[PDB]
Structure formats: structure tokens, C-alpha cells
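First, one chain by itself: the form deposited without the DNA, in C-alpha cells.
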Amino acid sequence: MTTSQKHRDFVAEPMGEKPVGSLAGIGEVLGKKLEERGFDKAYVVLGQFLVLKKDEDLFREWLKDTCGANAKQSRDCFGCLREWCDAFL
């Protein structure tokens, strides 16, 4: 396993009301910027992932534009949502 333990913890269970910082790749800096833009719970970011039809490029660009995520942070966030959806959606 090459994912983080934080990715593994997120994809292991339904997300419920978990905050946005529970997503892999979303540290405190990115999480605050997301919260300032209304994306305060992980499920709101899932919503954007789903509205973008789970498209990696669109989602990772959206994350970049919205909170300034770098390539690794956006890859990690995407992969965490992608694997959560494969498990639970």
C-alpha cells in the first residue's frame, strides 16, 4: 500500500459529516481555503467530484483554482474520492 493512512482511514467507511480536512491531500491550509469558499464538509467536495462526472482533470483543476492545491495534493484528494466512490457509491 502506497496511499497514506489518512487516505486509508477515509476510504474505509462512509464519510458522514466528516470535515473537509479528512480528505487525503487536504491539509489545514487547503482546508481553511475550501471552508472559506463554502466547501466545509468532505461531502461537499464529493459533490463537486460527482458533478464533474469524476473527471480527474476537471476535478484537479477545480481544486487548484479553488484552494491552490499542488499536483500531489490534488492527486491525493482525487484518488481518495475515487476510491471512496468505488467502495460506497
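Numbering starts at 1 and runs along the sequence shown.
What comes next is about the form deposited with the DNA bound, which does not appear here.
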**Request:** Find out whether any non-hydrogen atom of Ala71 is located within 4.5 angstroms of the DNA in the entry with it bound, and reply yes or no.
**Result:** yes
**Prompt:** Should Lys33 be classed as touching the DNA in the entry with it bound when contacts are defined as heavy atoms within 4.5 Å?
**Reply:** yes
**Request:** Spell out, yes or no, whether the shortest heavy atom distance between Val51 and the DNA in the entry with it bound is within 4.5 Å.
**Result:** no
**Prompt:** Applying a 4.5 Å heavy atom distance criterion, does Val11 contact the DNA in the entry with it bound?
**Reply:** no
**Request:** Let me know which residues along 10-34 have a heavy atom within 4.5 Å of the DNA in the entry with it bound, or say none if there are none.
**Result:** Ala24, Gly25, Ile26, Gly27, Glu28, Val29, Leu30, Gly31, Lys33
